[PDB]
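Here the protein sequences come in this chain order: B, A and D. The opening residue of the first sequence carries number 10 in the authors' numbering; numbering runs sequentially from there. The opening residue of the second sequence carries number 60 in the authors' numbering; numbering runs sequentially from there. The opening residue of the third sequence carries number 207 in the authors' numbering; numbering runs sequentially from there. Comments concern the structure below.
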Amino acid sequence: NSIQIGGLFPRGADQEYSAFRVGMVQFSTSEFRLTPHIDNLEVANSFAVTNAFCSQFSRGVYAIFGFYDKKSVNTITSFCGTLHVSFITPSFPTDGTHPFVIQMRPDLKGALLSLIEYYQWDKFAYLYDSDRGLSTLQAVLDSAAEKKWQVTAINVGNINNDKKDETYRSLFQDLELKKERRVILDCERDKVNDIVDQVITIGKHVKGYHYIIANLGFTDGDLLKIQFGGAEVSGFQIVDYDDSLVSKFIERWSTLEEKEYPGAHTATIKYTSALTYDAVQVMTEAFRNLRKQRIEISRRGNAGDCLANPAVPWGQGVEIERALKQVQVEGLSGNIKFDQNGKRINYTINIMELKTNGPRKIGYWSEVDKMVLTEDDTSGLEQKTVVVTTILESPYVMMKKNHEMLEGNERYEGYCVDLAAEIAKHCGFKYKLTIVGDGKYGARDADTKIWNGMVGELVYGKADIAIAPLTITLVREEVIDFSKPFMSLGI
Amino acid sequence: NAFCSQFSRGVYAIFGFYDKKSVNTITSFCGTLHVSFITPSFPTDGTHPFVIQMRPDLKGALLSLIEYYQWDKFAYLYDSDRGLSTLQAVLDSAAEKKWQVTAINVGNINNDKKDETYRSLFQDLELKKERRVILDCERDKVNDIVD
Amino acid sequence: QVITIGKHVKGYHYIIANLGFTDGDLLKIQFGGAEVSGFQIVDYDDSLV
Ligand SMILES: NS(=O)(=O)c1cc2c(cc1Cl)N[C@H]([C@H]1C[C@H]3C=C[C@@H]1C3)NS2(=O)=O
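Encoded structure:
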């Protein structure tokens, strides 16, 4: 059953169309086949989109797969909600709940709010691009008003190429006025690779700055530039290379010839092409389940004018979309589930931070569960709170009256407490205030030389340092060492 | 449908209104078919051919009014249906003149909840105790909000 | 390698000990913040030059 479908592709989406051609024969043909009529046409001109849509409707296909632009989403929704034709896309998700649209891209906005609340920022700048839409820009301002954030948002998208070396300099020098430190970028990969190069030219990737990329292919762009910088860069992945089917597709994809499939003979892949690959799995599962329920999709006639007055559609497409919303398979993004509208739920997004060796993950974020870090504590050097032994003596070391409500190093008070604070301030170490067990100053045992008290805590490797009323003798220099004396006294 | 019908009728001059959703469709037809279109609707953003528009721009006057009243911190309630060009405009001057701007959408709220949602909105403004409000909507929303 | 590891901010200072000071690349660290000085024996302002 070679079923007629329609395909919309931009002039330049070569990796995505190549991935579609791969997924065409990656798994098919025990059954129905597909008849893809491909339209390598533009996406900006909605008149061209209209011409292509009426041409594929004159073909009279059952499903249309492709992309759209923000100058075209109204056109696609307005025609599909009329003519009841199911439309499937990997582009940015729509704003209103629209019928007959299945959209392959998960949300980013809740993840990004989770990330900001994890890093605990208060004031930052937000470079956005207009041509991807403004849904995230609308979303962040609400939580900025509620969570008392200070947002300086700046449009950057409409700047021409021919002044695109000094516009950015003027922009970041204006950011120098408030002395900005925290930047969230929201662009396409080309604008990312332009702006990173201009930042690395003007020298703003030292230790001190911090960057968040708001995309899905965090490692799909260039990161060898600012890998060794000093700044810290975090982002998001939906394609995780550690998994079995993922690495299988990596090996299969790397072994292909670049001349047959352009942009395919690499190691990594674009997330757009990954969702394009998973779309074929969903679209084949659909007709699989319709032959499982044995419901015929016989058009039984021709299609006609898309300007039919009034046009009347056919509700077996409603049943097609109904079975589309029930598909649940595993793919490159992981599990998939749909809502009552065609939006994706049941996804998982990895949080990816750049380090010196390269990118790595620190945690995940679910559709309902918040940011769950994976406890990747590779911190091999922790400055240990050193062992400080003492004994209770007024006014050297005294208890406070509210010691149960307070905690630890706050509980003790006196001359020695103040002094140990001064020593730790000058020497930069961490410390924890402890008490000797046996409550003595300490002397040696007869015939066994067992130094008890605070002496054996330092002799026997138990305690680390002792700021305490201890007297320099002759018999104590042989086992421990003293500094210069700080307070004189006598019997 | 209506535009294809009247061009089939052979119209010499097209006139009509447009909302924020049909504007790309109308300019995309008019750039191709070279038909002079006239409108009182909201002005566009890019320089598009064959579109004459009677409603003048507003953004320079509104920025001049802000500079005359000599403000630094204010709230800004907007509706999405007329466009977001003014919202994109005032944020740049906020970035230059270092303004403290809180901007909140209002256009999504349905009619069955427009007694308590607005109250919650003004209570959340009174968390900061705002004194200076720019409303940016249509006349219907203005009459609904001033009450 | 300096411009990769990020050591051309305001604060650093460089002296090139050659004769073709502008014969090498200087568009890289022109906008840096550091200051670079060197030597020329070929002066482009002159008539025969
Ligand atoms: N007046 S006191 O007992 O509190 C006191 C006693 C002493 C102080 C400082 C004070 Cl405030 N520092 C001296 C040191 C300073 C120098 C000279 C000897 C030591 C090095 N040791 S000390 O003679 O033990």
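Cβ atoms here follow ideal geometry from the backbone N, Cα and C, with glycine treated the same way.
Option nearest residue i by Cα separation, candidates the options
i       : options                               : result
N83(B)  : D78(A), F109(A) and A120(A)           : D78(A)
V192(A) : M113(A), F96(A) and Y135(A)           : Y135(A)
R178(B) : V201(B), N169(B) and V208(B)          : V208(B)
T103(A) : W130(A), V149(A) and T145(A)          : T145(A)
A28(B)  : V160(B), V215(B), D231(B) and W262(B) : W262(B)
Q112(B) : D252(B), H214(B), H435(B) and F76(B)  : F76(B)
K172(B) : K187(B), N411(B), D203(B) and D427(B) : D203(B)
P115(B) : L186(B), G351(B) and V464(B)          : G351(B)
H93(B)  : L117(B), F66(B) and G105(B)           : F66(B)
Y218(B) : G499(B), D206(B), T480(B) and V242(B) : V242(B)
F258(B) : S87(B), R300(B) and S342(B)           : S342(B)
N49(B)  : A72(B), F56(B) and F18(B)             : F18(B)
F296(B) : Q182(B), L150(B) and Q325(B)          : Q325(B)
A477(B) : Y469(B), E486(B) and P494(B)          : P494(B)
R369(B) : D206(B), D183(B) and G244(B)          : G244(B)
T106(A) : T86(B), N167(B) and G105(B)           : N167(B)
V165(B) : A148(A), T98(A) and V165(A)           : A148(A)
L363(B) : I221(B), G389(B) and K434(B)          : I221(B)
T161(A) : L180(A), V70(A) and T86(A)            : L180(A)
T480(B) : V201(B), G389(B) and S497(B)          : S497(B)
Under 7 Å from the C-beta of residue i: neighbouring residues of chain B
i             : result
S87(A)        : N54, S55 and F56
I211(D)       : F237
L136(A)       : None at all; the shortest Cβ gap to chain B is about 11 Å.
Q112(A)       : Per Cβ cutoff of 7 Å: no residues; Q112(A) is ~18 Å from chain B at best.
residue 32(A) : No answer is possible for residue 32(A): the residues shown for chain A start at 60 and end at 206.
Interface partners of residue i on chain B, CB under 8 Å
i       : result
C63(A)  : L316
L180(A) : What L180(A) touches in chain B: nothing, since even the nearest Cβ is about 10 Å away.
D151(A) : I163 and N164
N202(A) : Those do not exist, as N202(A) stays about 25 Å from chain B at its closest Cβ, beyond 8 Å.
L143(A) : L143
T176(A) : Under the 8 Å cutoff, chain B gives no residues; its nearest Cβ is about 13 Å from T176(A).
7 Å Cβ cut-off: residues of chain D touching residue i
i       : result
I168(B) : The premise fails here: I168(B) is roughly 18 Å from chain D at the closest Cβ pair, so nothing lies under 7 Å.
Contact belief for residue i with residue j at Cβ below 8 Å, rounded distance in angstroms
i       : j       : result
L124(B) : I360(B) : 7 Å
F237(B) : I247(D) : About 36 Å; that fails the 8 Å criterion.
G90(A)  : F74(A)  : So it is not a contact: roughly 17 Å between Cβ atoms.
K213(D) : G239(D) : With 8 Å as the limit, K213(D) and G239(D) do not qualify as a contact, their Cβ atoms being about 10 Å apart.
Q159(A) : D131(A) : 6 Å
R141(B) : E197(B) : 7 Å
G465(B) : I459(B) : 7 Å
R20(B)  : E40(B)  : Not quite, the Cβ-Cβ distance comes to about 33 Å (not below 8 Å), so this is no contact.
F88(A)  : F96(B)  : About 21 Å separates the two Cβ atoms, so there is no contact after all.
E422(B) : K409(B) : 5 Å
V205(B) : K234(B) : 6 Å
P99(B)  : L382(B) : No, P99(B) and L382(B) are not in contact; Cβ-Cβ is about 29 Å, not under 8 Å.
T387(B) : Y373(B) : In fact, because the Cβ distance is near 17 Å, the residues do not count as touching under 8 Å.
Under 9 Å by beta carbon: chain A residues contacting residue i
i       : result
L390(B) : Correct list: empty, because the minimum Cβ distance to chain A is about 41 Å.
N49(B)  : Neighbours of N49(B) on chain A: none; closest Cβ ~19 Å, over 9 Å.
Neighbour list for residue i in chain D, Cβ cutoff strictly below 8 Å
i       : result
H214(B) : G212
Under 8 Å from the C-beta of residue i: neighbouring residues of chain A
i              : result
residue 502(B) : Missing from the structure shown is residue 502(B); chain B here goes from 10 to 500 and no further.
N83(B)         : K80, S81, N83 and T84
### Runs of beta strand (DSSP E) lying entirely within the region 166 to 198 of chain B, each at least 3 residues, in chain order
191 to 195
### Message
Going residue by residue through the region 445 to 474 of chain B, where are the continuous alpha helix (DSSP H) segments of at least 4 residues, counting only ones entirely within it?
### Response
462 to 468
### Query
Counting pairs of Cβ atoms below 8 Å between the region 121 to 139 of chain A and the region 181 to 200 of chain A, do you hit three or more?
yes
#### Entry: Validate contact between the region 388 to 405 of chain B and the region 138 to 155 of chain B using beta carbons, cut 8 Å, 3 pairs
no
### Task
Run through the region 194 to 267 of chain B for me and flag every whole alpha helix (DSSP H) of 4 or more residues, listed as ranges in chain order.
198 to 211 and 253 to 263
### Query
Are the region 27 to 36 of chain B and the region 276 to 290 of chain B touching, with three or more C-beta to C-beta distances below 8 Å?
yes
### Task
Take every Cβ of the region 12 to 23 of chain B, pair it with every Cβ of the region 42 to 51 of chain B, and state whether three or more of those distances are shorter than 8 Å.
yes
### Query
So does the region 276 to 284 of chain B actually touch the region 219 to 228 of chain B, counting three or more Cβ pairs closer than 8 Å?
yes
### Task
Decide if the region 48 to 66 of chain B is in contact with the region 293 to 310 of chain B; the criterion is three or more beta carbon pairs, one per stretch, under 8 Å apart.
no
### Query
Touching or not, the region 442 to 449 of chain B and the region 392 to 400 of chain B, by the rule of three or more beta carbon pairs under 8 Å?
yes
### Residue ranges of each alpha helix (DSSP H) within the region 63 to 110 of chain B, 4 or longer
82 to 92
### Message
Under 8 Å: do the region 383 to 398 of chain B and the region 463 to 474 of chain B share three or more Cβ pairs, one atom per stretch?
### Response
yes
### 4-residue-minimum alpha helix (DSSP H) runs that sit fully inside the region 419 to 448 of chain B, ordered along the chain
424 to 436
#### Entry: Length at least 3, wholly inside the region 346 to 400 of chain B: the beta strand (DSSP E) runs in chain order
357 to 363, 368 to 375 and 395 to 399
### Message
Which complete alpha helix (DSSP H) runs does the region 262 to 326 of chain B hold, if anything under 4 residues is left out?
### Response
280 to 301
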